[PDB]
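Participant: Below: one structure in structure tokens.
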Amino acid sequence: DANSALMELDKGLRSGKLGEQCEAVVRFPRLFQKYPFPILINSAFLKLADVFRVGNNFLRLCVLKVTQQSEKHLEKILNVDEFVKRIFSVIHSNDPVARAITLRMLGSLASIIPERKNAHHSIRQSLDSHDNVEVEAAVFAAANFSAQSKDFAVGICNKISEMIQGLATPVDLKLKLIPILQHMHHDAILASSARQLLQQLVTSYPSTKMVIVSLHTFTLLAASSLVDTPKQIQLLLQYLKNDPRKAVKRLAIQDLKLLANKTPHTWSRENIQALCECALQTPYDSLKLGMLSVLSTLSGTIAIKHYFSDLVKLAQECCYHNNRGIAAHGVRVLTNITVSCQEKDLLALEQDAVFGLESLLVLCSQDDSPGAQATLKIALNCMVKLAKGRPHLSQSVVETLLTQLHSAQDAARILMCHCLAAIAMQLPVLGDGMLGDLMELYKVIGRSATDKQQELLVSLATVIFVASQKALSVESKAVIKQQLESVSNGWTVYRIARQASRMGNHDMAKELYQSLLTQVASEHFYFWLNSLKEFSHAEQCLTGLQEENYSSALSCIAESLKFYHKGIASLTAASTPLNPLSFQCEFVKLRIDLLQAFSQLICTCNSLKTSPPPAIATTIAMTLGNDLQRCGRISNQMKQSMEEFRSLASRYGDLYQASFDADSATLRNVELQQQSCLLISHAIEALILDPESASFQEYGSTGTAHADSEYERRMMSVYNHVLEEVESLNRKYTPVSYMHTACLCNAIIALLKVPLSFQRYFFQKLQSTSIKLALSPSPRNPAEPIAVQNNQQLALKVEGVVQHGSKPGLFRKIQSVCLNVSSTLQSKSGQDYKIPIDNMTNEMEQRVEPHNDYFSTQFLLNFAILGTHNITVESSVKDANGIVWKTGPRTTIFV
Amino acid sequence: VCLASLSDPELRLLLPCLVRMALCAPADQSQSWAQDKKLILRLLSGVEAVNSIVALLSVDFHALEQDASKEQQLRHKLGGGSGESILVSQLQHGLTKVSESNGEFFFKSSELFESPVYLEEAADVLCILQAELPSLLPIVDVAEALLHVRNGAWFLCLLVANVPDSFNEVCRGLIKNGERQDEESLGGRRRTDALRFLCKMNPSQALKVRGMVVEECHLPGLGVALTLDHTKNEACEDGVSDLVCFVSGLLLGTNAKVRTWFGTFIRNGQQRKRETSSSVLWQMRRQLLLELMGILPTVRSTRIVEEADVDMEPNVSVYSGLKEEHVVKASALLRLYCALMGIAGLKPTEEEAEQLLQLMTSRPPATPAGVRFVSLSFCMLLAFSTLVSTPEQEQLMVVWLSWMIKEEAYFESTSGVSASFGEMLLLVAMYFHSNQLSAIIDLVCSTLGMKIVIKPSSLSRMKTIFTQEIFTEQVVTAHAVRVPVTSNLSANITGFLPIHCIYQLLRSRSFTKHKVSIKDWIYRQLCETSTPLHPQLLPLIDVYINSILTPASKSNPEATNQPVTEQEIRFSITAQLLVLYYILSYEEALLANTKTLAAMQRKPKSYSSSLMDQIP
């Protein structure tokens, strides 16, 4: 399809038709974005060079704009010499505008040709030309070619020095020539020369714009060359303490902010003390605000740990200031000092912390302005950090939040509810204590609300579900009453049900899904809601289990499995090629298989009493048997259960690496499920069977204070209980499983206590990344295999492009693509499989690291079979830490 | 087949008090109870008490026969094993009569005869499972099937054997006793079901010997009532989807659950949407069974879905139309019917087509779900014209089409949907007017995810003859001009906006001479959306520019009042850019042709350089 577009663009560019030519040129970037293939990009860039060589001086500007726009698609050009020659063939003209456009184009290409001496000579010659636009274009190209190309930097530094110090150029030309010195970080001598030049320029050209631009260049050089950053900080502090202008002070403040953002470890105690002394002597508010912002940025890193008493006094003084931003920065500094540092007297500061938070709550409660909401969010995330890094003051902040919830005109209560939900994820006693007040607010909030009643109700329901644990009391009926006669917004109640299913409340989820099943404006969403309702019903019926019960447990398991089958059927009935549901189907199917394995296990444990000893005793005496102790027919069932659990754990590990887009919570939930499955497998392998097989004691710590959810803590406690009950009964009784089946069934029931936790990735699937993997084999439009001599060779020439529908750097980053290739026989040779060896020796596991969004490897294979074969390839993207991340593109070609 | 489903489900969990609830049902599975009460290990106190209670409750009239069978099985622990080993060795070496000498009286008197009969049966089963396709030699123990099944259960509980081989032998010999095997161990039900499901091919269970295996699996699922859905899922995922459909129909007819949505449709929905393997499997299955009429599961499924469909017919009979609570289920059933009859579909009948036409012509409550249902019914009646054979059906369908054309304005005003059914109606009307049928195919395959074909420009052609009857250019153009403009477009909602039919009308012809100057609608459409750039806006502007220098189809030149009231300073960026593009295209067209036949087409009404100097 791209060939037709290239052909039509060529036909449009053939005739003159200046309008049509400009149209084609400005449409070329869309063709680049649609097809990132290297051959098409190379051909299009060659055609652009052709139309740039001869033109009416206006197509050249459009081609320059296209080149400046499509910069990432520039390194994937095969023919570079001819392109550069066609671009440079127009710089010898006498037209200054044409030469300026050519210089700007060359500067835009400074990432693919950093060693072409002709371009360096042209920039050197046209830098001191008698013009106005050509000089600016030469300056731009010189900056671009001085970014890279250390040789060009050492060749242009002296010329820039003379052109700046020649006192024969206007102030604007010097202001434009100064930022060229930023790219002098190639050698120590270059850095020293640029530093001396900038010092001389500051001491000899005292002016607002001049000093501003020179200091910006100097700090960019110091930040790109981390050799003299303390001297930079000292100079900035000296200019903050001495220079009386206001613009230079704000420039130095933003400079220190950038330095703390990028390189915070180079700071010392003297620099912080000097900055605090300068902030204490500032009579203005914006300057003190910027200095405190720099201090807050610094205190969030190891600088606050290396500093450890002026910063503490400054933070205590600016915590109760009149303005809100300064107080927010002060309380942020105080919270960071409390969390990071662990001094003795600083404990008292904790008081000054919590009450200080109140100073940020009574001023941004009913203000309704972004300037107040920013400080409110700052204080709220600071309180979250203080509560998650120090549980000693977890109640002293939640009580203030509860008391302040009554002092908002339905504007800040959403943020307070978000803060409460984020804090309650660690300790459930806060939710146990504040559930009553949350229900009181939910009851008194249903009076009247129009502006943002939807989000407010959603946040209230979310924090209530987080605080609650059962949601089976009158509170559920009260929430239903408050949501029924009020506005029946489908999205609000849908989000409420989603949060209820996420937190584990399944009764409210089932009620809301039943209420939403009757109002669906389509068919796919109807099946989705029906599947959610069936899953919630099966979850609720799963909780209907009693401790030490085995009669009704089988009926509950059977009805839950029936509801799960109905739900997965209604869900796969909604699976469409457009936006397919792959994670949900697999997750539900694996949950169903796990529960079926548990049902088989409990059925075998119950049938163990159905005359199992005398069953296999007719062929061999099972009593006192050294070969197979207590040999019975139950051994086959135990082995089947063990292999089923092993396959389930393998499928869990596969599903973990098959998503690549799940959040931390969903990955942790999958890991916990696989851990429970492996624990049940270890219990059925080491306890029910012979204990002399492994006999490995779990003498190690577990369940550290790092779980960010109550479900994870409950799962870890159940794991610890199972381990402590299995480590003691290992060598107690005979392996006929007299008391081992009892504790096994108790562990099975304990694992079924927590119903489930549908994590965030189950809905709103974001970060949709995909590798195209469009190889370039011989032309094969039909399904007929490529005619090969079967003896010479067979090439692949595989190449793939990554495509991210959402923000790439959100959760994980693509670093390596472990391309794999295999071959097998299609036709049956002797058996149902390919052959005795299937010709799967040719693997060639290659590990390519694509620097840009493109990669290309070379694959081969040698086969001497006159039949038809099958060639398949896999992406297997690798992240930064390093995980297989088995993707499922499944690109299969016959020959 | 009377396999004591409740008693088996009770004994699977625990046999504590259920022994007294079954008096005559404790006759087939009595061997397992006798073996558990006689050879008990007495591990725990509760287990010993349960065994004692079971032995006390097993004091029936047949207790003597059970004790004799237990004694015979205990005495045949070493001798019968050696005899079976010798028989297997002889069979392996060889491979490389007065009711069979009173076989009924010998197996019930001496344990050696029963052991020899069991060994011969196992050898025959192994020979039939190695390489053979037959189900004969079953009338040997027809008169003594109870004693034979009891002896087989005793041999399976006393001697080591394979459960899958025994299940296959039972399914190949007599399924009536196969379920009895499930009463022997009551622990390998899932394994036996998986083995029976994996012991069949894809194109079977219709007119082959697999019907007996399917009936045995259905009987086992009915006697279990717990793993029926699991067995149906395993069948639908591996092979023999007919057994899964039969099990689903049986579960839907036995249990009264799934009231909001029929489980039959819930299971049949995933056949022409995804999972191409099972998709083509069900496709070839229904293709092979379509010609065959003597098959029970598919006709029972058609009957149950037909009655579930007609349960909603009295509603639209006594009332105006459907209700809000039954407007989504009807649309789902209609989409399922469409997916079933998409490609290589089955042949319908009149007794179902009548109700189909009656439900597809109902009155929705003016809900977006009802609009989607009306659109789906319209595409269904347009893709299949198997209703013209009778006069009453065609007259009612054209009356309902006229009613829809009349009430499209109400349905679009009350229901805030982007693309209603009236837009599609006007689009297909313009397509029929423009004398082409591929656009109708693109429309019916673009409204829903089914890339199917109906007929190479021969099925919908009949509708063309109806198009020239009443729905002529006098009403379709009026309905296409009187549509409300779309506000705040998104270029992402599925459907055909009025832009498409307006573009088609401006492209085909505008020779009405009484319905020109649609510039008001164009301005009201391009007033303020600003979110998308619809791919049809530029062709619409192009064909509107071309609709000015055309003979006798004179429209207004969009006088400068709208430009001077728009570009004065919600008239967003996109609206201003579109107006500027329109002005530039008009200025370009004023210089392109310059010849308008020199017949009363001498009023271009160009700008006098007083507006171009104002617009930046």
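By convention here, the chains of the structure tokens are called A, B, ... in the order presented, each chain's residues are numbered starting at 1, and ligands are numbered starting at 1 in the order presented.
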Identify all chain A residues at most 6 Å from chain B by counting only C-alpha atoms; ligands do not count. Present them as an MDAnalysis selection string.
Facilitator: chainID A and resid 518 521:522 551 558 569:570 573 576 604 610:611 615 618
Participant: Near residue 223 of chain A, within 9 Å and counting only C-alpha atoms, which residues show up once chain neighbours fewer than 4 positions away are dropped, as a short mmCIF file (atom, residue, chain, number, x, y, z; two decimals) with N, CA, C and O atoms, in the first residue's frame?
Facilitator:
```
data_model
loop_
_atom_site.label_atom_id
_atom_site.label_comp_id
_atom_site.auth_asym_id
_atom_site.auth_seq_id
_atom_site.Cartn_x
_atom_site.Cartn_y
_atom_site.Cartn_z
N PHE A 218 26.93 29.19 30.79
CA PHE A 218 27.92 28.69 31.73
C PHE A 218 27.36 27.54 32.56
O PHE A 218 28.04 26.53 32.78
N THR A 219 26.11 27.66 33.00
CA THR A 219 25.53 26.59 33.80
C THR A 219 25.19 25.37 32.96
O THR A 219 25.27 24.25 33.45
N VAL A 227 32.52 18.62 36.14
CA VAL A 227 33.88 18.71 36.65
C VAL A 227 34.00 19.89 37.60
O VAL A 227 34.80 19.86 38.55
N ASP A 228 33.19 20.93 37.38
CA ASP A 228 33.27 22.16 38.15
C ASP A 228 31.88 22.62 38.57
O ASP A 228 31.53 23.80 38.44
N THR A 229 31.06 21.70 39.08
CA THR A 229 29.74 22.05 39.58
C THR A 229 29.78 22.78 40.92
O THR A 229 28.95 23.68 41.14
N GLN A 232 30.32 26.33 40.11
CA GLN A 232 29.09 26.89 39.57
C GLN A 232 28.13 27.27 40.69
O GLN A 232 27.54 28.36 40.67
N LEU A 259 19.81 22.49 38.70
CA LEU A 259 20.95 21.72 39.20
C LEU A 259 20.51 20.69 40.23
O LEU A 259 20.98 19.54 40.21
N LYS A 262 18.77 17.79 38.39
CA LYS A 262 19.63 16.88 37.65
C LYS A 262 20.76 16.30 38.49
O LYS A 262 20.93 15.08 38.53
N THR A 263 21.54 17.15 39.17
CA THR A 263 22.70 16.71 39.93
C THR A 263 22.60 17.23 41.36
O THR A 263 23.13 18.30 41.69
#
```
Participant: I'd like to know which residues of segment 91-307 of chain A are helix (DSSP H, G or I) (by DSSP, run on the backbone); could you write them as JSON, numbers by chain?
Facilitator: {"A": [96, 97, 98, 99, 100, 101, 102, 103, 104, 105, 106, 107, 108, 117, 118, 119, 120, 121, 122, 123, 124, 125, 126, 133, 134, 135, 136, 137, 138, 139, 140, 141, 142, 143, 144, 145, 146, 147, 150, 151, 152, 153, 154, 155, 156, 157, 158, 159, 160, 161, 162, 163, 164, 165, 171, 172, 173, 174, 175, 176, 177, 178, 179, 180, 181, 182, 183, 188, 189, 190, 191, 192, 193, 194, 195, 196, 197, 198, 199, 200, 201, 202, 203, 204, 208, 209, 210, 211, 212, 213, 214, 215, 216, 217, 218, 219, 220, 221, 222, 223, 224, 229, 230, 231, 232, 233, 234, 235, 236, 237, 238, 239, 240, 241, 242, 247, 248, 249, 250, 251, 252, 253, 254, 255, 256, 257, 258, 259, 260, 261, 262, 269, 270, 271, 272, 273, 274, 275, 276, 277, 278, 279, 280, 286, 287, 288, 289, 290, 291, 292, 293, 294, 295, 296, 297, 298, 299, 303, 304, 305, 306, 307]}
Participant: With only C-alpha atoms as the counted atoms, please give the residues lying no more than 6 Å from segment 407-414 of chain A, apart from itself and same-chain residues fewer than 4 positions off, as a PyMOL selection string.
Facilitator: chain A and resi 365-366+456+459
Participant: Any chance you can output those residues with C-alpha atoms as a PDB file, in the first residue's frame?
Facilitator:
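Result went into out25.pdb, see below:
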```pdb
ATOM      1  CA  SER A 365     -10.270  24.290  51.923  1.00  0.00           C
ATOM      2  CA  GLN A 366     -12.926  26.440  50.207  1.00  0.00           C
ATOM      3  CA  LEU A 456     -17.338  13.205  44.771  1.00  0.00           C
ATOM      4  CA  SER A 459     -14.390   9.041  45.754  1.00  0.00           C
TER       5      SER A 459
END
```
Participant: I want to know what sits within 9 Å of segment 150-161 of chain A, based on only C-alpha atoms, with residues of the same chain fewer than 4 positions away left out; could you give that as an MDAnalysis selection string?
Facilitator: chainID A and resid 114:115 117 120 124 142:143 145:146 165:166 177:178 180:181 183:187 190 193:194 197
Participant: Next, the residues of the selection above should be written as a short mmCIF file (atom, residue, chain, number, x, y, z; two decimals), in the first residue's frame with N, CA, C and O atoms.
Facilitator:
```cif
data_model
loop_
_atom_site.label_atom_id
_atom_site.label_comp_id
_atom_site.auth_asym_id
_atom_site.auth_seq_id
_atom_site.Cartn_x
_atom_site.Cartn_y
_atom_site.Cartn_z
N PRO A 114 28.49 13.98 11.21
CA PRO A 114 29.30 14.85 12.08
C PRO A 114 30.77 14.94 11.69
O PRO A 114 31.55 15.54 12.45
N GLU A 115 31.18 14.37 10.56
CA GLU A 115 32.58 14.39 10.16
C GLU A 115 32.81 14.90 8.74
O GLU A 115 33.96 14.89 8.27
N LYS A 117 33.89 17.21 6.23
CA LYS A 117 34.70 18.42 6.32
C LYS A 117 34.16 19.54 5.43
O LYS A 117 34.40 20.71 5.71
N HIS A 120 31.71 21.53 7.52
CA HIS A 120 32.44 22.35 8.48
C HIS A 120 33.06 23.57 7.80
O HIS A 120 33.00 24.68 8.34
N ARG A 124 32.16 27.45 8.50
CA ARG A 124 33.24 28.35 8.88
C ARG A 124 33.30 29.56 7.96
O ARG A 124 33.54 30.69 8.41
N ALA A 142 26.25 25.96 13.21
CA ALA A 142 27.46 25.81 13.99
C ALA A 142 27.16 25.25 15.38
O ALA A 142 27.90 24.41 15.88
N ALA A 143 26.07 25.70 15.99
CA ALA A 143 25.66 25.12 17.27
C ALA A 143 25.32 23.65 17.12
O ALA A 143 25.73 22.82 17.94
N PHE A 145 26.41 21.50 14.80
CA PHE A 145 27.62 20.74 14.52
C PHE A 145 28.64 20.81 15.65
O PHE A 145 29.60 20.03 15.64
N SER A 146 28.46 21.71 16.61
CA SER A 146 29.31 21.75 17.79
C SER A 146 28.76 20.92 18.93
O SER A 146 29.52 20.56 19.84
N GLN A 165 34.37 38.88 21.08
CA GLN A 165 35.21 39.91 21.69
C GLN A 165 35.68 40.96 20.69
O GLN A 165 36.45 41.85 21.08
N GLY A 166 35.25 40.89 19.44
CA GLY A 166 35.67 41.87 18.45
C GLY A 166 35.02 43.23 18.58
O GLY A 166 35.43 44.16 17.88
N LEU A 177 25.36 34.46 19.77
CA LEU A 177 26.60 33.70 19.67
C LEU A 177 27.02 33.09 21.00
O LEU A 177 27.75 32.09 21.01
N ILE A 178 26.59 33.67 22.12
CA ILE A 178 26.97 33.14 23.43
C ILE A 178 26.49 31.70 23.64
O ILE A 178 27.30 30.87 24.09
N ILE A 180 26.38 29.28 21.91
CA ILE A 180 27.17 28.29 21.18
C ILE A 180 28.19 27.63 22.11
O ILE A 180 28.56 26.47 21.91
N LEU A 181 28.64 28.35 23.14
CA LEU A 181 29.63 27.82 24.06
C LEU A 181 29.09 26.71 24.95
O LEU A 181 29.87 26.11 25.70
N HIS A 183 28.08 23.82 24.02
CA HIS A 183 28.59 22.55 23.50
C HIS A 183 30.11 22.53 23.44
O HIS A 183 30.71 22.24 22.41
N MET A 184 30.75 22.84 24.57
CA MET A 184 32.20 22.78 24.70
C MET A 184 32.62 21.82 25.80
O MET A 184 33.58 22.07 26.53
N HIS A 185 31.89 20.70 25.93
CA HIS A 185 32.13 19.71 26.97
C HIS A 185 32.87 18.49 26.45
O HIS A 185 32.74 17.40 27.02
N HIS A 186 33.63 18.64 25.36
CA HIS A 186 34.32 17.51 24.76
C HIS A 186 35.67 17.23 25.40
O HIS A 186 36.09 16.07 25.46
N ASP A 187 36.36 18.27 25.87
CA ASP A 187 37.66 18.11 26.51
C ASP A 187 37.76 19.07 27.69
O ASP A 187 36.99 20.02 27.81
N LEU A 190 38.84 22.56 26.46
CA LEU A 190 37.71 23.30 25.91
C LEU A 190 36.84 23.88 27.03
O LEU A 190 36.41 25.03 26.95
N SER A 193 38.71 26.83 28.59
CA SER A 193 38.70 28.00 27.72
C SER A 193 37.33 28.66 27.69
O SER A 193 37.22 29.89 27.76
N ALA A 194 36.26 27.86 27.61
CA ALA A 194 34.92 28.42 27.62
C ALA A 194 34.59 29.07 28.95
O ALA A 194 33.93 30.11 29.00
N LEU A 197 36.38 32.39 28.99
CA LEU A 197 35.70 33.32 28.10
C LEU A 197 34.41 33.84 28.72
O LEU A 197 34.12 35.04 28.63
#
```
Participant: If we count only C-alpha atoms, what is near residue 568 of chain B at a cut-off of 9 Å, once residues fewer than 2 positions away on the same chain are taken out, given as a list in words?
Facilitator: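 Here the qualifying residues turn out to be residues 563, 564, 565, 566, 614 and 615 of chain B.
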Participant: Mind checking which residues fall within 7 Å of segment 545-561 of chain B, counting only C-alpha atoms, ignoring those fewer than 5 positions away in the same chain, and posting them as a PyMOL selection string?
Facilitator: chain B and resi 510-511+513+516-517+519+586+596+605
Participant: So the first atom is atom CA of residue 710 of chain A and the second is atom CA of residue 462 of chain A; what is the distance between them in Å, to one decimal place?
Facilitator: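 It comes out at 15.0 Å.
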